[PDB]
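Below: one structure, written as structure tokens.
Protein chains: 2
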Amino acid sequence: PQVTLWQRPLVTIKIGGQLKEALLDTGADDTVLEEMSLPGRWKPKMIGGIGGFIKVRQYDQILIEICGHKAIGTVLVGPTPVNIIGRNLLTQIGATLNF
Amino acid sequence: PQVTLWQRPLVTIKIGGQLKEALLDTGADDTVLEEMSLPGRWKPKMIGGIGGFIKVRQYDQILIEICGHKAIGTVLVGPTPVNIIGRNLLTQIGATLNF
Ligand SMILES: C=CCN1C(=O)N(CC=C)[C@H](Cc2ccccc2)[C@H](O)[C@@H](O)[C@H]1Cc1ccccc1
């Protein structure tokens with residue numbers, strides 16, 4: 003859909019069987035979701051924001067349905083306040099920005 | 003234009019007669035800018051982010067030109083790694099997210 007930006011662009015995602023809201027974020031290179039339980043193995047990596055660097059777990063090959071469109075990619079879960087869908091998935095869902 | 007999200011959506015702003023490069027960021031509610039010289043009539047504020055809080059100077063009624071659309075709004079200057087155009091301005095250049 004076209005989303006305007008008078009409101010936060012939130013979408014439901016279904017991930018790991020769980021349903022969440024998540025912010026569509028063209029500013030973020032990566033997708034980071036708050037702690038939740040995901041299956042599979044995983045690695046520790048850390049990422050920056052404003053404010054500073056949080057430690058996180060890299061999960062690869064993980065399947066998300068984002069607004070129902072589907073996709074697989076790396077998710078980082080860790081201490082965010084908001085679950086963020088960043089350009090690695092926004093690209094598979096085919097998102098664009100138009101001005 | 004239409005920005006595809008393979009690469010970061012960087013754009014040039016002219017702000018206070020200085021030329022910067024910034025990120026069009028749909029997940030940020032405000033515009034925050036690295037430290038720079040502004041005509042200093044401003045207030046303390048603190049914005050939150052990933053990985054912590056940072057402390058910013060709030061200026062409003064700043065004219066910004068973000069591509070040749072001028073937009074006027076509140077700008078938070080402060081210790082961010084990257085200049086970020088958030089939704090308060092994007093709505094003013096009319097930007098949309100689409101998929
Ligand atoms: C990867 C996420 C870090 N990040 C943030 O820290 N902020 C903060 C910007 C205001 C919000 C995400 C956010 C929104 C609301 C609450 C918490 C986080 C932006 O929307 C994100 O793109 C991004 C901007 C950024 C890019 C590169 C280096 C530093 C920062």
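First to last, the protein sequences are chains G and L.
Once you know that position 61 of the first sequence is 63 in the working numbering, the rest is easy, because the numbers rise by one and skip nothing.
Once you know that position 35 of the second sequence is 37 in the working numbering, the rest is easy, because the numbers rise by one and skip nothing.
Cβ atoms here follow ideal geometry from the backbone N, Cα and C, with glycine treated the same way.
Item	Value
Environment of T6 (chain G) [buried if 16+ CB atoms lie within 10 Å]	exposed
Check: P83 (chain L) C-beta below 7 angstroms from any heavy atom of ligand 1	yes
Per-residue contacts from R89 (chain L) into chain G (C-beta, under 7 angstroms)	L7
Close Cβ partners of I68 (chain G) (< 7 angstroms) along its chain, the five nearest in sequence each way excluded	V13, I15, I87, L91 and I95
Residues that DSSP places opposite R59 (chain L) in a beta bridge	L:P46 and L:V79
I56 (chain G) Cβ short of 7 angstroms to ligand 1 heavy atom set	no
Residues of the region 29-40 of chain L with Cβ closer than 8 angstroms to any Cβ of chain G, in chain order	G29, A30, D31 and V34
Whole-angstrom C-beta distance between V79 (chain G) and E23 (chain G), which should lie under 8 angstroms	That belief does not hold up - the Cβ atoms of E23 (chain G) and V79 (chain G) are roughly 15 angstroms apart, past 8 angstroms.
Chain-order list of residues whose beta-carbon lies under 6 angstroms from that of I64 (chain G) (same chain, five-residue window excluded)	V77
Burial state of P41 (chain L), where buried means 16 or more other Cβ atoms lie within 10 Å	exposed
Beta-carbon contacts of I66 (chain L) that lie in its chain and below 6 angstroms, excluding the five residues immediately before and after	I15, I17 and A73
Inter-residue Cα distance where the pair is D32 (chain L) and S39 (chain G)	31 angstroms
For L99 (chain G), the first and last residue of its enclosing beta strand (DSSP E)	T98 to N100
Integer-rounded CB distance, given that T98 (chain L) should sit under 8 angstroms from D27 (chain G)	Not a contact, Cβ separation roughly 15 angstroms.
Cβ-Cβ distance between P81 (chain L) and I56 (chain L) below 8 angstroms	yes
Chain L residues whose Cβ lies nearer than 8 angstroms to that of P11 (chain G)	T28, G29 and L99
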